[PDB]
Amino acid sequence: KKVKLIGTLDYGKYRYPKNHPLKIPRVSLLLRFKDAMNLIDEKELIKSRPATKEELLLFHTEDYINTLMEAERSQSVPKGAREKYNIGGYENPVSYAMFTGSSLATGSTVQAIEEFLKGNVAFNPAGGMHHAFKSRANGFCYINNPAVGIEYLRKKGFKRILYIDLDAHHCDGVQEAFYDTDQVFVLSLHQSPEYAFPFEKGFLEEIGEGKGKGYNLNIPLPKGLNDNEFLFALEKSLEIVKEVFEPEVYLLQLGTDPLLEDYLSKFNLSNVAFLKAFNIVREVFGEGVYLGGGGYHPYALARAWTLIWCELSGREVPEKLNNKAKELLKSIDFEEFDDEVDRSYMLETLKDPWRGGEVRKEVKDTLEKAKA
C-alpha cells in the first residue's frame, strides 16, 4: 500500500488572469512547498496526465468540450459561447487553464482513482472542481473532475458511490449530475446559498429527484462558522449518510477555502479542524479517493494541504516551517485582501491553534431538519 500525491509544476503555467482569485500558484506551490519542507519524495509523486476526450465525455457533452478546445487555442470566446456555455466571462475567462489545466486536473482525478483501486492511497490536489455542469462553465470551473470521476466508477460497476464535499461552497455541479440517481450519494457542507456562491442552489431542501430523492444532502452553514460548528455538522451529517447509504467507494473533496484566512469564505476554521474533518471521514468510511478544491490564500492552501499530505504519508508534522518554506511563501505575490490583517504569523508554524467556540442553535436546527 503506497501513498501517492498526484501533481506537476506545470499547473503553474496555466493560471487564471491577474484579476482572478486563481491567478496564484496552488498545486505547483504545494509541491515546491513540501519539497522545501522535505516532506515528499519522488517515489511518492505521480505526474499528472491529461484526461482523454473519452473520459471527459463520461459526463460532459461534446459540443461543450469542443467549445473549450476551440476557445483555448484561438484564445477567444466563440460566437454564442458566452451565453450557451458561460465561457469568456470574468468568472470563467479564456486562458490555457480553461482546457489544458482543467484536463490536467481531471486526468489526475482518474489517476487518483486508478491508484485507489490498485489498493493505494492518492490525493489529487488539483481536482475537486465541483461546479461545472454537463455543458456549462460555472464558478471558475470548466470541467467537473468529480462528476467525471464518479461516472468513471459507475462504468467500472460500482452502484453505491459516495461523495463528500468539505469545500466552503456547494458543489452544485456534482449535485445536478446525480440528483436523479440513488447510486451516487452526494453530501456537502458549505456556506449557505442565502449569502454565498452559487446562491441558486445548496439549500437543505434539495434532497433529490426521482429515484435519487433522499440521496443528496446539503448542509448550509452560517457565517463566522468556528471549528466546533464545522465538525459538529460533519459527524452529524455523516450519520444521516451511514443510516441510508453503504458506500462501495467514496470521494472526498478538500477545498481549503473554509479556512479563516481565505477571503472567498466567511468561515473562521483552522488547519487542525480541517485535518480532523478529514480524519473523521476516514474513521467513518475507511479510505477513499481524496480530492482538492477551492483555496485562495497561498499560505493556508500550502500549510493545510501539507497536513493532509503528512497524515496520509504517515509522517510527523514539523511544528515550524524551515527557512526555505517561509521564503517560498513570501516570494508569492498575493496581496492580502483586508489591507493589513497581517498573516505573517502563518509563517511561524504549520498547525495553527484551534478556533473552536459554542455551537449556535442555527447549526443544530439545520442538522435536526436534515435528520428528519
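Residue positions are given as counts along the sequence shown, with the first one as 1.
Stretch comparison (95-103 versus 239-247) by mean CA B-factor in the PDB entry places 239-247 on top. Checked against the record, the higher mean CA B factor of 219-227 and 186-194 lies with 219-227. Per the deposited record, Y345 carries the highest C-alpha B-factor of all listed residues (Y64, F59, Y345, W305). Comparing C-alpha B-factors across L68, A51, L30, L45 in the deposited entry, the largest value falls on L45. Looking at the C-alpha B-factors along this chain, the one for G89 belongs to the middle third. Looking at the C-alpha B-factors along this chain, the one for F232 belongs to the middle third. The deposited CA B-factor of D172 belongs to the lowest third of values across its chain. When the modelled residues of the chain are ordered by their C-alpha B factor, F133 lands in the lowest third. Split the chain's modelled residues into thirds by C-alpha temperature factor. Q75 is in the highest one.
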